[PDB]
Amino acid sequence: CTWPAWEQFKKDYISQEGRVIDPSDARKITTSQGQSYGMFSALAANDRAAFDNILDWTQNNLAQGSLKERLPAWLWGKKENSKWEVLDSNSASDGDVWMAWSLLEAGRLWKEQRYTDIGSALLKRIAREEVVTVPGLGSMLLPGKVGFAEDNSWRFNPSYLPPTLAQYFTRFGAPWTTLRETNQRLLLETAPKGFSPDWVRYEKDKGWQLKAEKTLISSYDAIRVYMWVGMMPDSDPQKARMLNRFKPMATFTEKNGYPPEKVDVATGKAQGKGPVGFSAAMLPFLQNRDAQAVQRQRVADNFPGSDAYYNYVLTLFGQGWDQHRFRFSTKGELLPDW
């Protein structure tokens, strides 16, 4: 009745006060993504005590006491003066949506109104403060409250809204109804060579900016795109189109025995070998049994230690899924394995 990988994650990465820590950074930071992944994982493990502890810290330290009053700051850590506090109060929307989804699902599954209430308020503020109408697209999720929108151009992060979460959110009406559709557009239209970019710009009157560019590569952010798609139920009509679009990533992995570290989105040219986390991300994504098993071996033989926040978090999701630790319904709900 425990999720061993999660139990080890708590010991190595989660403080007594409930903050998820990336030890690789000298400021020993906590991110809103980290908190949301901890909430998700706690929920999947049926670990309410940890869910509550992580939620408390999040509200108190990232939201000045309340997720109903503001989106959580994305970055928290040690300052030069020795004080520990928010380092950037801007939000990161991937943490935000995962946080809202976990909360809403915690409310439903544990039958607790307080989680629903916080989840709803959070989701509404997301829609109001980091969702905007873009000419040529309609409603789009910005990667954050500020810094990603100019008068005539926007920058998006395809990895931020998993299609399952998008589907889940539709039950709440506008603008989520539309976002589920524009999210598909973002994912399908910006992968000309079958690789999703970490970041991608859109300009009014011109459209997607898909010429070769520094951040127009499939690396640490984008690797999650393939994982989210693989986590979609077969009965999600969007899944087939997405698997087809991203096939060259599956083909590369099968052929080379590993996922690439970086891929030029405009040319499809690959470089390096991705870390163990990337292999975990492939487990739900790859449909070929043998290829799946090759990645499974790599995760097993190079399982992340205590000095590897990102690999570990990818592993919780990827290997977690490979081990039936959680599943998503056709409506984006958590089907728990408790």
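A residue's number is simply how far along the shown sequence it sits, counting from 1.
In the deposited entry, the Cα temperature factor of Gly138 places it in the highest third of its chain's modelled residues. Among the modelled residues of its chain, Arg201 has a C-alpha B-factor that falls in the lowest third, as given in the PDB entry. In this PDB entry, the Cα temperature factor of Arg128 sits in the middle third of its chain's modelled residues.
For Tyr115, the recorded CA temperature factor ranks within the highest third of the chain's modelled residues. Compared with the other modelled residues of the chain, the Cα B-factor recorded for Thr253 ranks in the lowest third.
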